[PDB]
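Report on the structure
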Amino acid sequence: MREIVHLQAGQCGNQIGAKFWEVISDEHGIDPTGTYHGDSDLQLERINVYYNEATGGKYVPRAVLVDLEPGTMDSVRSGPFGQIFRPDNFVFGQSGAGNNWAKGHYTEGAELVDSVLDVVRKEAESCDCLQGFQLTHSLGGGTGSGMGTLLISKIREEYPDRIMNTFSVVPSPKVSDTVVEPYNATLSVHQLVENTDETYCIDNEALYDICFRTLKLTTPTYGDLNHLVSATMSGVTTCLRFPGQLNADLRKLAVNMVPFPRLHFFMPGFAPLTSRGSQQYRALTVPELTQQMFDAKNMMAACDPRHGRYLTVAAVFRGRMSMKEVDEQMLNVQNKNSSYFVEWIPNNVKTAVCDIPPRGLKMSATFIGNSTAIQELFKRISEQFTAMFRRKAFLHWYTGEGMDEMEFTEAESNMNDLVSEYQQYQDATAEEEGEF
Amino acid sequence: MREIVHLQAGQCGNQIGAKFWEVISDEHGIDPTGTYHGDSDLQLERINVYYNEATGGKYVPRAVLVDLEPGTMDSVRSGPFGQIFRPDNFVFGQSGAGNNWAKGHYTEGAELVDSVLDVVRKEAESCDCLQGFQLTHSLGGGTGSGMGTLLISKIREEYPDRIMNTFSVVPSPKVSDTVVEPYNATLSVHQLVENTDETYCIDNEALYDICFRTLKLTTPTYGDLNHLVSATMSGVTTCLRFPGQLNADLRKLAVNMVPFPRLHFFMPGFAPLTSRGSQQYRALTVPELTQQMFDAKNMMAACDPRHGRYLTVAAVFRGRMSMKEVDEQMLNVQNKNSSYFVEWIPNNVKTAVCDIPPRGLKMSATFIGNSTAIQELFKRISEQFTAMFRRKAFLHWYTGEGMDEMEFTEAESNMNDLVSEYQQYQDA
Amino acid sequence: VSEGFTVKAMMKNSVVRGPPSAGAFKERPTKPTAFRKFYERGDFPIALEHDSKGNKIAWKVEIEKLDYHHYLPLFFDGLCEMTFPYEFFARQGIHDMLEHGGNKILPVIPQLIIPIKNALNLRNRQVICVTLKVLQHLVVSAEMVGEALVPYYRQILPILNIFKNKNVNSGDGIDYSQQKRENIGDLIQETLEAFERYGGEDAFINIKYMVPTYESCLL
Amino acid sequence: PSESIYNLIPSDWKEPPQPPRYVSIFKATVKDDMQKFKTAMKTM
Amino acid sequence: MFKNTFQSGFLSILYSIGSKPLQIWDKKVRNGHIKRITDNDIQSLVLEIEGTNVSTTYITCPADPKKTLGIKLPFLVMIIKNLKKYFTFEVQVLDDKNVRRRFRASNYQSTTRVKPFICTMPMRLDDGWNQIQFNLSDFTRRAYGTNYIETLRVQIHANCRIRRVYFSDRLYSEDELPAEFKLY
Amino acid sequence: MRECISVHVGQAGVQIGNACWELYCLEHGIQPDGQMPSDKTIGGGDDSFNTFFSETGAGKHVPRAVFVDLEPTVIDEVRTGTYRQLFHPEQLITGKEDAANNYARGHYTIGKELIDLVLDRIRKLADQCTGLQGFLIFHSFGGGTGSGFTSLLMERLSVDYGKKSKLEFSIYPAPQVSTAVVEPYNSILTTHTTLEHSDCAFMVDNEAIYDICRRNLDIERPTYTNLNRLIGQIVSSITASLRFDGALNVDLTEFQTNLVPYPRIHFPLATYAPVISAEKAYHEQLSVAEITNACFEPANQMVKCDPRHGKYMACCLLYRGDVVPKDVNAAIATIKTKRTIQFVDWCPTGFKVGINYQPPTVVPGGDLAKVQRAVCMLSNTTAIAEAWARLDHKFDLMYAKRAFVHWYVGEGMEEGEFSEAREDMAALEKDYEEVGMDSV
Amino acid sequence: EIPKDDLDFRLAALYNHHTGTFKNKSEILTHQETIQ
Ligand SMILES: Nc1nc2c(ncn2[C@@H]2O[C@H](COP(=O)(O)OP(=O)(O)OP(=O)(O)O)[C@@H](O)[C@H]2O)c(=O)[nH]1
Ligand SMILES: Nc1nc2c(ncn2[C@@H]2O[C@H](COP(=O)(O)OP(=O)(O)O)[C@@H](O)[C@H]2O)c(=O)[nH]1
Ligand SMILES: Nc1nc2c(ncn2[C@@H]2O[C@H](COP(=O)(O)OP(=O)(O)O)[C@@H](O)[C@H]2O)c(=O)[nH]1
Ligand SMILES: [Mg+2]
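What counts, and where the lines are drawn
- Residues numbered from 1 in each chain as written, not as in the entry; some residues may be left out.
- Chains lettered and ligands numbered in written order.
- Part of a larger assembly, values for the part shown.
- Heavy atoms only, no water.
- UniProt positions renumbered as here; feature names shortened; annotations may be inferred.
- Helix = DSSP H or I, 4+ residues; strand = E, 2+ residues; numbered from the N terminus.
- Polar contact = N/O pair within 3.5 Å; in protein donor to acceptor, adjacent residues only side chain to side chain.
- Contact = heavy atoms within 4.5 Å.
- Buried area = accessible area lost by both parts, 1.4 Å probe.
- Salt bridge = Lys/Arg side-chain N within 4 Å of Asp/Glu carboxyl O.
- Nonpolar A, V, L, I, M, F, W, Y, C, P; charged D, E, K, R; others polar.
- Disulfide = S-S within 2.5 Å.
- Buried < 20%, exposed > 50% of the residue type's maximum accessible area, 1.4 Å probe, protein only.
- Domains from an automatic or database assignment.
- Patch = residues over 30% accessible without salt bridge, like charges linked within 9 Å, V, L, I, M, F, W, Y side chains within 5 Å.
- Areas by Shrake-Rupley, 256 points an atom, 1.4 Å probe, with all protein chains shown as cover.
- Core = buried A, V, L, I, M, F, W, Y, C linked by side-chain atoms within 4.5 Å.
- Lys, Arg positive; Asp, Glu negative; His and termini not counted.
- Charge placed at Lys NZ, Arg CZ, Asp CG, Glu CD.
- Near = heavy atom within 4 Å.
- Pairing = 2+ DSSP bridges.
- Axes fitted to C-alpha atoms, helices over the stretch in contact; angles between N-to-C directions.

The record names cryo-EM as the way this model was obtained, at a resolution of 3.52 Å.

What follows is the structure, given as structure tokens:
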């Protein structure tokens, strides 16, 4: 009964999602044509979480693919595992965005919206009991949330009533090489909080560092960067798909990681990542997974955890395992550095044991964490709106469209207060007297 | 239970450790790719001592390999036993020391120590119980002597209760291999006094004659020469790895050898060393074996024990034999010449035995010895250095890298008291 | 002597160091105000009437016919500075124009949220008292203002969560500083029921959404 | 508690020294036995 | 202890007008605070106890947990201001069959339950300042078939404002109550 | 004739019963396919299966169990496992969505969508019953359906069946090892219902079974399966005298009248002393005295609270195997001579004794050993108060900042119920205090 | 002092079963005579 519909937006949703669907097709045992050629029965028992049976033994995914450029999702439909998607789910526009955020919200207001809503409707309703949705996208481009708060303000009307995850690619802190860039960082936020509240923020700079320093791949493309996120997406849904000794679905993760309703921050991580020449010389034990998933290196978000406090930790593991090693991770690191595990929460770790491991690997994990060091992620974006907002010089391209600039200035006000709300629960202690 | 972390720094320490892990793999049945094609179970029981274990039945050594620099140990990784080491334990940086103690300890040894210490904690946190560390390196080099003694200082600050061994090649007396040899030797010995508790002194010269007068092979190389220091590193710690009538460990071979904390520079050796032509000419018995153990020409240091007095002797033994004959003979060799053993220790000799001899021999033994006569080595080096430090020869290659001449003077001061303390216990 | 989630600091005997800090409960550096630039220009029709009742503001032009769209966001921007000959004009001038006039406090509400959160974001324990008094006075001294602030709780309340439980634990010894109200937690609390009693229905949930410690009164 | 003032005087009592270290009557034999079967410079 | 005291028609154990009102009382403050001063309608000092956790911060009339004050007076009256928050309070009594028995009144309880060592009942406060009269001799008779002997403890929890916690020999009307016991 | 229906609720409760009904079928001659084998007999018939199994006309034994749970793919493990034809397909009933570790979701939102069907199946299972002793429930204090749906079940079973011996087995949140962050919320809410609707609530902790598996059983890295077999061994010993004759046959009603002294004190401490591995079991003799001693040892308890900080009230000893009454009396006497084992002065007798002649049965693939005799201990101490004061410290630490409360208030409960649940817990400590101080 | 093995475990082993987490069968008991 419990089921997920995958919405992919942009190149980023489409390229990450296409890698995600081939991962799940390997995990469940589906060939590129769409039939089942698996070597087990539990690879088929709960395949009504991501695939629908079509007549002829042809399993078809449940992803609707959304983009405003026709060209992008022709490569998706002609990829390795690319013909599995049903054509009606492939919903295209004719002109997208570019350069100006102000163009992005004074361009295609409502054309492609209702077409997607029809596809999202039929695919959700022709089923049994909706666990929720998941959305893959990045925060960038020539629109930011310009198409976003244009198109999705028509979809957010009733969507926050059930579960909706979002694996979002947050901008990287390297250089500003989009010329008139620091106007799409300010106008991005608005409802950046109160419509998902389960966002798995994934930076590309941190994606390279795990590929350079941890995986030691000499030439990492964007493709194998999309392999790392696909493991995490599979990780947070493996207890729903495959049986386990300690089950934990999306809601059980969401309930057990979100104390306050404004916490769309879950920095991901995959524990058993090893180089090819070093995989042979690897122990692969329960402590070995735990010392990597909690490490600052294996964090797919450019925020060092030792800059703040873990408000809550999830430990969805995969295999035949233990969990008490994670208890020593608090008791050593928490009681000695109390600033790395929030003390007004007694135990900060949720664990899960899903019996079936990933392919090839014997044992794995999937860390997501609500650390209060994510104040810095929406602070690098914070010094990257203030830096060029005040001049408004190349904004004459914006000015031609140029919507209300209170909406320019209210978005960061709904972002710096989010930082403040994280600064509070990083500094808030049990006996509320000693911080004043 | 009690396991040993291998450390190796510099070119010499890696050439020695290349052949060290060859014979440990041979004794414990490990093949080049790291799978146990052994014979008995006793070669698999105490295998955690040197070899860790990885998924796939693979026995990864716990050794870490330290150098500043990636373009040479084709000797190891393209050698017979180089695939056994994991590629993560190899640690390196950009520019080499190049036989300079200042470069490997201060400038290029400032950024690699963070990388080496990170790896050795990873090897030391996967333990039920760490028995101790041990190092093989050069004493007159740039990376073996400069970096190697800085790694010793870093471990001692972090693991003070653990035991650290040093299998260092001390400078050869007659023909040297490096021009700046005493500068690196003096600065590294000075740090070795207070940062180690069991230090091994090796002359390449004494290995040459052992290779000739005893082993009787005409054309030597560093393969069979490093085999002598290889099986000494093995044979000392076989009491950890194999049982005996009464066994030992590194701790028992240190408390029973080091009277005073500044006196831990030892002399190793082997008793059974015969050629193929001498197999039919000599009997492998305990009296014939223990005779050539104490022979001065058999020693691995180019300084005779006859010039001084032995402070403490120990021997580890092997093979199913009598404890009576080995006990009465080492009384016999101790009491017949009392001018070489100190009067204020009634029994200078320690006996340890094992039950499993090496492959190819039915009984073998390894000698370890603390003598006053190792001051002969340090007192040459002390006047090597005052021949060169006095006129400031080769000093701008040290002063210009951030150190002063005071550290040279403290190294003379520490070595000269260590010499004066050795001569003090020569007289009873 | 260690960092955190490393191989180091997992041993049987280790000591460590935490983060730099958390930037909360701490005074932030102020910025130059538009109140400062507009006062030295002389555009304000105000005068510091040094009365023998304490200081008062004498208005050369009558308060009823002022352009409230250009003055209330400009007086509210002066709350984030503490030097005397400007901070009193912000404190007294806001209170004077709030209780005078009607049917013009309403259209200036949505352009009043930015200068009222900026003074609250300073996190110093002086003007946070001042902004809490004008927040109590804003909802009272007009008609149908609490309903206007219900969709704007998301930009005023996050600072009120940080200092909500700021009180004195003087169990028996009596305090004397209730004449001039410096107790932040009582001022945050009393503003919250003033927020909830006005605005009608669907107002308790907007406060409960984001300061969950609050108990919804008016049952 | 019945006390007396003739107790505030310092106790001015030193411990008599221990008997001297007992030289054994068999020590003169074990000097000769230990210094027996000993020569110099035999093997080396 | 309050045993040698006559225990006349009136006996006060806490009154906010004095040097140290919380002298015999024991203060336990946890994620809350205690203070003494606010003049809203009566221009007088009234003790405040309030906190974010109602069951954790409180005040108990006997300081030592082993000592128990013995008051034979059946009626228990406190003057407590309504704050529209969670307020609970204790009273522990000694019974004729020698059982330590407790009673609880709470704002956040729907229905009452009675069973052998605690009887919890609901309560509806008024709009502002009010006095409540906890008839101990009747509540020890309706809840259990038992007579009243003496109370042993009273304990006041968070989110309330306190003045003149006292016992009385019988229920008094407002006119016959003396001047220092009035609401105003 | 005497019998009891077993209820298994939650992923914890379902997994306990799977290793528990594995023991029950093997304790009798019952195979996984329900039918007893024609060839080979496990023993005399005696109609001893009647306490847990129902006999049909075709010669099939059917467990009197309902596997009610909101989590679909832990029951489908049973539905495709070895014990497939043992259970009815309609005895095993599943929800559509989990409660997601929420007491409110298992009680109010999802719980009302399935409470009607499970009471219909409980009624139909109990309709063919004649002399039903009571019910047994199995759950944990940390789950959503293990705490929320369990609480709703006792609410409905109290009025449908009146006053009936309704035993309870539960899993406590440990002091340190805990798989959830909202676990102190669920435990403090389900005890608010357990305290008034459970006649006896057996108290079991994960860390203590972790401790006795590594120390007594000498197994490294124990899993949930090993904890499951230890619990099912005790529950078999609780219902041991219902099926097999003994010197002192003790009933479920005789448990309650001899363990719990007052209507809030129904939280016994569980202890199984002869838990020992096979390589060290047959070496030494296992006298009945030394296993009575091992019941009072601090580390052999299955809840993390030693009785040295408390005082015993009533101890129920359930011996199985070749046990004569006279040397039990010697074992009880030598316990009473120790002043370190503190007994309350209002229970001079102190002990309730039950002897059974059937030794415990070993499961293939298990880690226990075949012992001639064994003992289960049901203590009752004031030392359990410190196991709950820690839970209040865990509750008050995060309730004071209203953490995770909107995950409860939005799903059909008010904020005052949290203070009402801590309320009975704030009285339960003082209820254990007032039965501890000596009368003077 | 101790008459039998039960009192040896029951006496001052200094092991709080409420506080002691994940000990070994050697540190199950730590007598006061062992410490000092
Ligand atoms: N002894 C034992 N305890 C278990 C076992 N499985 C789960 N538990 C306990 O269950 C707790 C986890 O929460 P659960 O009660 O299982 O949650 P649930 O039953 O799935 O209920 P929902 O959260 O609504 O899905 C852990 O803290 C364990 O203590 C088991 O096999 N043996
Ligand atoms: N991982 C990943 N990131 C991408 C890919 N394509 C774009 N990005 C990131 O997204 C940013 C711009 O993409 P964007 O313009 O938003 O794509 P759009 O959503 O179609 O408009 C770049 O900085 C990239 O780092 C991809 O295929 N994989
Ligand atoms: N016994 C032995 N000694 C060696 C070997 N290789 C080098 N050495 C000695 O090591 C010294 C050179 O030091 P080196 O390793 O280059 O120091 P580094 O530059 O810091 O690495 C020379 O004096 C040699 O005598 C070897 O294979 N065996
Ligand atoms: Mg579940």
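That shown, we press on.
Digging into the UniProt feature "active site" in chain F
Residue and element names in this part refer to chain F. When the UniProt feature table is mapped to this numbering, "active site" covers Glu254. Structurally, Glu254 is set in helix 9 (residues 252-259). Polar side-chain contacts of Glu254 include one of 3.1 Å to the backbone nitrogen of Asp251.

Observations regarding the interface of chain A and chain F
The interface of chain A with chain F comprises 38 residues on the first partner and 35 residues on the second. Carbon and sulfur atoms supply 58% of the area buried between chain A and chain F, which totals about 3500 Å² over both sides. Together, A:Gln245, A:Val255 and A:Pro346 form the three largest contributors to the area buried by chain A at its contact with chain F, with a combined 16%. Our count for the chain A to chain F interface comes out at 2 salt bridges. Applying the counting criterion to the chain A and chain F interface returns 13 residue pairs in polar contact. When contributions to the side of chain A that touches chain F are tallied by element, the ones reaching two or more residues are strand 6 (129-138), strand 9 (244-246), helix 10 (250-255), helix 12 (324-336) and strand 11 (349-354) of chain A. Of all the elements, helix 10 of chain A adds the most residues to the side of chain A that touches chain F, at 4 residues. Residues of the side of chain A that touches chain F, tallied by class, amount to 20 nonpolar, 8 polar and 10 charged.

A closer look at unusual backbone geometry
You will see that A:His190, though not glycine, has its phi angle at about 40°, which is positive. Positive phi, normally seen in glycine, also occurs at G:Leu14, with a value near 60°. Inspection of the secondary structure assignment puts G:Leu14 in the loop between helix 1 (5-10) and helix 2 (32-35).

Digging into the state of the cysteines
All names here are of chain A. Applying the stated criterion to the full structure yields 0 disulfides over all chains. We note that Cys129 lacks a disulfide partner, and the nearest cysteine sulfur, in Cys127, lies 10 Å from it. Free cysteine: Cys201, not disulfide-bonded; nearest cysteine sulfur from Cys303 at 8.8 Å. In this structure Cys201 comes out as buried when scored by relative accessible area, which is 4%.

Focus on the arrangement of the chains
Among the 11 pairs of chains that make contact, the interface with the largest number of contacts is formed by chains A and F. Chain E makes no contact with chain B, the minimum C-alpha separation between the two being 41 Å.

A few points about the UniProt feature "binding site: GTP" in chain B
Residue and element names in this part refer to chain B. The positions that UniProt labels "binding site: GTP" are, in the present scheme, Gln11, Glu69, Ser138, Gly142, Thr143, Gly144, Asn204 and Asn226. Annotated residues spanning 216 residues; largest pairwise C-alpha distance 24.9 Å, indicating distribution over more than one region. Relative to the helices and strands, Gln11 resides in helix 1 (residues 10-27). Topologically, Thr143 is positioned in helix 5 (residues 143-158). Excluding anything up to four places from it in sequence, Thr143 contacts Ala9, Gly10, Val66, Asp67, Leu68, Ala97 and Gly148. In this structure the side chain of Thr143 is engaged in a polar contact, spanning 3.3 Å, whose partner is the side chain of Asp67.

A look at the domain arrangement of chain B
Residues and elements named next belong to chain B. Partitioning chain B into structural domains gives domain 1 (3-257), domain 2 (265-374) and domain 3 (375-425). Each of domain 2 and domain 3 has a C-alpha centre, and the two are 33 Å apart. Contacts between the two partners involve 9 residues from domain 2, matched on the other side by 8 residues from domain 3. Carbon and sulfur atoms supply 65% of the area buried between domain 2 and domain 3, which totals about 730 Å² over both sides.

Considering a nonpolar patch on the surface
Residues D:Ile5, D:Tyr6, D:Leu8 and D:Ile9 make up a contiguous nonpolar surface patch of about 560 Å² in total accessible area. Along the chain, D:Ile9 turns up in the segment before helix 1 (27-34).

A word on the nonpolar core
Counting residues in hydrophobic clusters, the biggest one holds 148 residues, and the most contacted among them are F:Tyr185 and F:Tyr408. In terms of nonpolar packing, the next biggest core, distinct from the first, is built from 81 residues, F:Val14, F:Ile75, F:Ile219 and F:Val375 among them.

Here's the deal with a negative patch on the surface
All names here are of chain F. A cluster of acidic side chains, namely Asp46, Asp47, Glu55 and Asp245, defines a negative patch on the protein surface. Within the secondary structure layout, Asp46 lies in the loop between helix 1 (10-27) and strand 2 (53-55). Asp46 gets classed as exposed once you look at its relative accessible area, which sits at 60%.

Describing the site of ligand 1
Neighbouring ligand 1 are 23 residues, the closest being F:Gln11, F:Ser140, F:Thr145, F:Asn206 and F:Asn228. Among the chains of the assembly, those with residues near ligand 1 are chains A and F. The separation between an oxygen atom of ligand 1 and a polar side-chain atom of F:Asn101 is 2.9 Å. Contact between ligand 1 and F:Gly143: an oxygen atom at 3.3 Å from a main-chain N or O atom of the residue. When ligand 1 sits alone it has 640 Å² of accessible area, and the protein chains cover 97% of it. Elements with a contribution of two residues or more to the shell around ligand 1: helix 1 and helix 8 (224-238) of chain F. In terms of residue class, the shell around ligand 1 is made up of 9 nonpolar, 11 polar and 3 charged.

Brief notes about the pattern of salt bridges
What the rule picks out here adds up to 65 salt bridges over all chains. Salt-bridge contacts for A:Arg46 lead to F:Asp76; the nearest nitrogen and oxygen are separated by 2.2 Å. With A:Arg46 in the loop between helix 2 (42-45) and strand 2 (51-54) and F:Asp76 in helix 2 (residues 72-80), this residue pair bridges two chains. Owing to a relative accessible area of 12%, A:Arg46 belongs among the buried residues under this scheme. What makes F:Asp76 partly exposed here is its relative accessible area of 22%. In this structure, F:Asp76 and F:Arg79 form a salt bridge, with 3.0 Å as the shortest nitrogen-oxygen distance. Note that F:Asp76 and F:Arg79 are positioned in helix 2 at a spacing of 3 residues, about one turn of the helix.

Looking at the interface of chain B and chain C
A common way to report how large an interface is uses the accessible area buried once the components associate. Contact residues are listed per partner, giving 6 residues for chain B and 4 residues for chain C. Taken as a group, B:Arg121, B:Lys122 and B:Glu125 account for 79% of the area that chain B buries against chain C, more than any other trio of residues on that side. Seen at the junction of chain B and chain C, the total is 0 residue pairs in polar contact. Here the residues of the side of chain B that touches chain C are counted per class, giving 1 nonpolar, no polar and 5 charged.

Examining the sheet that holds strand 12 (residues 364-371) of chain A
All names here are of chain A. Reading across from one edge, 9-11-10-12 is the order of the 4 strands in this open sheet, with mixed pairing throughout. Each end of this open sheet is capped by a strand with a single partner; those strands are strand 9 and strand 12. Here the strands of the sheet are splayed against their neighbours by 15° on average, with no regard to which way each runs. Pairing between strand 10 (residues 310-318) and strand 11: 6 bridges, direction parallel. Bridged to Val313 within strand 11 is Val349.

Description of the site of ligand 3
Residues and elements named next belong to chain B. Around ligand 3, 15 residues are found, and the nearest of them are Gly142, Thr143, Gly144, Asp177 and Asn226. Here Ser138 contributes a side-chain N or O atom positioned 3.4 Å from an oxygen atom of ligand 3. Note that a nitrogen atom of ligand 3 is positioned 2.7 Å from one of the side-chain N or O atoms of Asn226. In isolation ligand 3 offers 590 Å² of accessible surface; the protein chains occlude 89% of this area. Of all the elements in the fold, those that place two or more residues in the shell around ligand 3 are helix 1, helix 5 and helix 8 (222-236). Counted by class, the shell around ligand 3 contains 3 nonpolar, 11 polar and 1 charged residues.

Observations regarding the environment of C:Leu72
Residues and elements named next belong to chain C. As for its position among the elements, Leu72 is in helix 2 (residues 68-76). Classification of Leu72 as buried rests on a relative accessible area of 0%. Residues within four places of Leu72 in sequence aside, it is in contact with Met97, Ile105, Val108 and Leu112.

Side note on the environment of B:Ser40
Residue and element names in this part refer to chain B. Looking at the secondary structure, you find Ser40 in the loop between helix 1 and helix 2 (42-45). When the C-alpha atoms of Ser40 and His28 are compared, they prove to be 9.2 Å apart, with 12 residues separating the residues in sequence. Among the polar contacts listed, one links the side chain of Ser40 to the backbone nitrogen of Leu42, at a separation of 3.1 Å.

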